[PDB]
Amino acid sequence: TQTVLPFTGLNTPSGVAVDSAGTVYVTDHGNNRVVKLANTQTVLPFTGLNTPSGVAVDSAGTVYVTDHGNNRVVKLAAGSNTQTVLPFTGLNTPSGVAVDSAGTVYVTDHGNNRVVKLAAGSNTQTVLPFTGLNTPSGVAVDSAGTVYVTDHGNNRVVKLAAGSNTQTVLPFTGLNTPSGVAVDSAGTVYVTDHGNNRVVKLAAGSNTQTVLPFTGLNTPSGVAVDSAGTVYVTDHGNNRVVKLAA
């Protein structure tokens, strides 16, 4: 049985992210805000946001939130009110954001139909060998470096194997205008079927596609997963976040 997390005063939510300790993050789309939740909700000291979207967190707790309208990418290291704009150039309206275990930030440049990654402390961005995309959405990277991008404009989920540059399509059926993407340690990729108002998961090396028992979803989007396998998914139409334990 799903449960609604105690979130207050947010109009139209965007993405979601979960720490390694258990505290969840959300991007207050309409208030230009990045609210978190341990107790009672609270927002990080973000400065000068304008319609944020995706949100990811690092191993040390660094929160990575992008700005759709400002075409920026901001991060917050530890307990400080000092912001940092990542050296991303050419970002014309980016989409979600993911991070590697080594610190490499993955950004889905929506307006140009590409996915760009940037290593920690690097000034030169790197465009991934992704071919044949239309208005991409969420991005997710696992432990083996595999990049999971939701090529939204064609209702698919593409994959980029590490080392090689072979792009494959994940065996998904019934996908219509799909949004966020997530992945766990075992390899199960959680993709939010946004058009059918449902959250879907697909085990690694499996043909069976499983619809997650989420009740009351109105255009869901951002999807996250913690350690025990709890799936956190934001629904945009109801202005709330819902989690479902494994």
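Start at 1 with the first residue shown and count on from there. Basically, rigid core = biggest C-alpha set you can superpose within 1.5 Å across the two forms.
A fit on the rigid core, followed by a root mean square over CA positions in 8 other deposited structures of this protein, ranks 151-159 against 77-85 and picks 77-85 as the more shifted one. Between 213-221 and 39-47, the larger mean CA deviation from the shown form in 8 other deposited structures of this protein, after core superposition, belongs to 39-47.
According to the entry, the stretch of the deposited sequence that connects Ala38 to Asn39 contains 1 to 3 residues lacking coordinates, which leaves a short gap in the model. Look at the mean CA B-factor for 131-139 and for 111-119 in the entry; the higher one is 131-139. Stretch comparison (214-222 versus 185-193) by mean CA B-factor in the PDB entry places 214-222 on top. The residue among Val24, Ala228, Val233, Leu10 whose C-alpha carries the highest B-factor in the deposited model is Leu10. Among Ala56, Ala204, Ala60, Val200, the highest C-alpha B-factor in the deposited entry belongs to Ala204.
Looking at the C-alpha B-factors along this chain, the one for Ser179 belongs to the lowest third.
Per-chain ranking of the deposited C-alpha B factor places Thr42 in the middle third. Looking at the C-alpha B-factors along this chain, the one for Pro87 belongs to the lowest third.
When the CA B factors of the chain's modelled residues are split into thirds, the value for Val4 lands in the middle one. Per the deposited record, the Cα B-factor of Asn50 falls in the middle third when ranked against the other modelled residues of its chain.
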